[PDB]
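Enquirer: Below you will find the structure I want to go over with you.
FYI the Cβ positions are ideal-geometry reconstructions off the backbone, even for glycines, and counts take in every protein chain you see. Laboratory data are not the source of any read-out in this text; all were calculated from the coordinates shown.
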Amino acid sequence: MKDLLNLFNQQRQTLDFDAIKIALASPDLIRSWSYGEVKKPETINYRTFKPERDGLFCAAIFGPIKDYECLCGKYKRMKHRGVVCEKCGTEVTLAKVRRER
Amino acid sequence: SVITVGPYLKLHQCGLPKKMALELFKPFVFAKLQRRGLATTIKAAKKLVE
Amino acid sequence: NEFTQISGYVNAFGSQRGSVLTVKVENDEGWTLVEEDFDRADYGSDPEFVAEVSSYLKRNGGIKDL
Amino acid sequence: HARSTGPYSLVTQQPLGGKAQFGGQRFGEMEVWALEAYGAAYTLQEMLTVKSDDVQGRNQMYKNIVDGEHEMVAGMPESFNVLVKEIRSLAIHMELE
Amino acid sequence: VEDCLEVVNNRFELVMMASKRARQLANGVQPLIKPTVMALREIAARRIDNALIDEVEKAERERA
RNA sequence: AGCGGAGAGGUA
DNA sequence: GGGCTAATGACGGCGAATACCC
DNA sequence: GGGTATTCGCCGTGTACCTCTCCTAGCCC
Ligand SMILES: [Zn+2]
């Protein structure tokens, strides 16, 4: 929701390239680009404000809704990075990861 | 803004409102207040501006 | 929480206790010289909140980037 | 009205529009052509990337103005990243070579 | 802006030369006689050329 | 608490 | 009232697709 | 075989600003 120490992370990307190439997409490229599949259409759960598991707005596929936090609250600190849970496996990374993958 | 003809100015210069000049050049005002030493932090300089 | 480095400088390291931010410059022995607090919700601007910390870690004897 | 620092959106890292909610004035499509007719690539790159669209340049230019140094960093905007992530969702491979 | 049209033939080369001159006065360089008007006066006074700018840039790179 | 899209009216 | 539960008042230009007299 | 003759479908139509309201909805207790 709110990040403070992430604002001063300067010089993170260079983006040095020469050309732009476009072609068709192989199915293996689509299977390697993604991080999981979806099976139940539900973008917002009702009577509680939590993302639906394996839905349109999911946490086990894309990432966490809150920065450096998980869904349940077992790992709620910045000292734990890259450690997923067991009942709701979310990578404890930055909030920028929800736009890339 | 709304344009208004002014005859007492040269063709290499133009007019500008004071509140617009304060709101546009506000980081330069903050840098000048930091360089002159009249305000320690940017919060005190912003409170002195407002 | 625990003290986490900014990784924009080599001298100072800060923390975050919710919606407020605090920093503390330190020498090679680990002794704190100055320590203040900043409110991000009171400012209402992200680059001004960046420049606040970047000036507080500049005027109070802060070592720049390597 | 006037503004220097305002709110940004979620899809593209751009300021809003209008006198309400602190929205900056839209740089038109023909204004970019009028700027490019003069040449002046330095005032066209600084008014398109480091002013509004970049998520790091918008802080770095403010830090350089408040501090006093003059060293800008050029990079790709976030809107091109949103466009290539939208094109990649159409089973069409597009990679920045 | 009118005197600088006679010392150089290209306007964009004049803009790039004044941009290379403006990166030195910000870090602190004693002037010849706002940094923009001072750099334009130093260009129009027929004192600052492409060799002296390279000399001060090499001295800054050696004294960095 | 910031961020969205439609319909109508008005100035240049 | 309530709480989850799922039209026909546009107009011009250009490229493919049968198809009809030759 | 064959070389156009209608015919169907796709493409598009200026810029910027100011103000107001209204949006997912519905159905048998
Ligand atoms: Zn969890």
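Enquirer: With the crude spin-label approximation of a point 7 Å out along Cα→Cβ, what separation in nm comes out for C:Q5 versus E:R11?
Expert: 5.0 nm
Enquirer: Taking only Cα atoms of chain C, what ratio of Rg to Rh do you get with Rh as the Kirkwood inverse-distance radius?
Expert: Ratio value, two decimals: 0.95.
Enquirer: Along the Cα→Cβ direction, 7 angstrom out, place labels at D:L83 and B:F25. What is the inter-label distance in nm?
Expert: In this crude label model, D:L83 to B:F25 measures out at 3.6 nm.
Enquirer: Relative to the longest principal axis of the C-alpha atoms of chain D, give the angle of the C-alpha long axis of helix D:57-67, reported between 0 and 90° and rounded to the nearest 10°.
Expert: Approximately 20 degrees, to the nearest ten.
Enquirer: Show me the GluC sites (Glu not before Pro) within the range C:15-63 that DSSP assigns to loop and that have at most 11 other Cβ atoms within 10 Å of their Cβ.
Expert: Here the sparse-neighbourhood loop sites are C:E29.
Enquirer: Let me ask another. Neighbouring Cβ atoms within 10 Å as the yardstick, rank A:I65, E:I33 fewest first.
Expert: The most exposed by this proxy come first: E:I33, A:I65.
Enquirer: Taking the Cβ of each residue in B:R36, A:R47 as the centre, tally the other Cβ atoms inside 10 Å and list the residues starting with the fewest.
Expert: A:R47, B:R36
Enquirer: As an exercise, identify the chymotrypsin sites (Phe, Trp or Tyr not before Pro) in the range C:23-66 lying in DSSP coil whose Cβ has no more than 16 other Cβ atoms within 10 Å.
Expert: C:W31
Enquirer: For the protein assembly as shown, I need the span (max minus min coordinate) of the C-alpha atoms along each principal axis, in Å, sorted largest to smallest.
Expert: Result, largest extent first: 75, 58, 51 Å.
Enquirer: Next question. At q = 0.12, 0.13, 0.14 Å⁻¹, what base-10 log of I(q)/I(0) does the Debye formula yield for chain E when every alpha carbon is treated as an equal point scatterer in vacuo?
Expert: Results for chain E at q = 0.12, 0.13, 0.14 Å⁻¹ read -0.28, -0.33, -0.38.
Enquirer: Sort A:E42, D:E95 by Cβ crowding within 10 Å, fewest neighbours at the top.
Expert: Final ranking by Cβ density, sparse to dense: D:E95, A:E42.
Enquirer: Give the longest segment of chain D that steers clear of trypsin sites (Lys or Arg not before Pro) in DSSP loops with at most 13 neighbouring Cβ atoms within 10 Å, not counting the sites themselves.
Expert: Answer from the scan: D:27-97.
Enquirer: What is the Cα coordinate range of chain A on the first, second and third principal axes, sorted by size from largest, in whole angstrom?
Expert: Projected onto its principal axes, the Cα set of chain A covers 49, 37, 22 Å.
Enquirer: On to the next question. Please give me, ordered by residue number, the chymotrypsin sites (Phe, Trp or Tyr not before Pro) of chain B that lie in loop per DSSP and have at most 13 other Cβ atoms within 10 Å.
Expert: The qualifying sites are B:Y8.
Enquirer: I've got another one for you. For A:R98 and E:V37, what does the FRET efficiency come to when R0 = 30 Å and r is the distance between their Cβ atoms, rounded to the nearest 0.05?
Expert: According to the calculation, E is roughly 0.05.
Enquirer: To the nearest 10 degrees, how steep is helix B:26-36 against the longest Cα principal axis of chain B, on a 0 to 90 scale?
Expert: For helix B:26-36, the angle is close to 50 degrees.
Enquirer: Stokes-Einstein at 4 °C, 1.567 mPa s, Kirkwood radius from Cα pairs: D for chain B in µm² s⁻¹?
Expert: 100 µm²/s
Enquirer: Output the 0 to 90 degree angle, nearest 10, between the alpha-carbon long axis of helix C:46-59 and the longest principal axis computed from the alpha carbons of chain C.
Expert: 30 degrees
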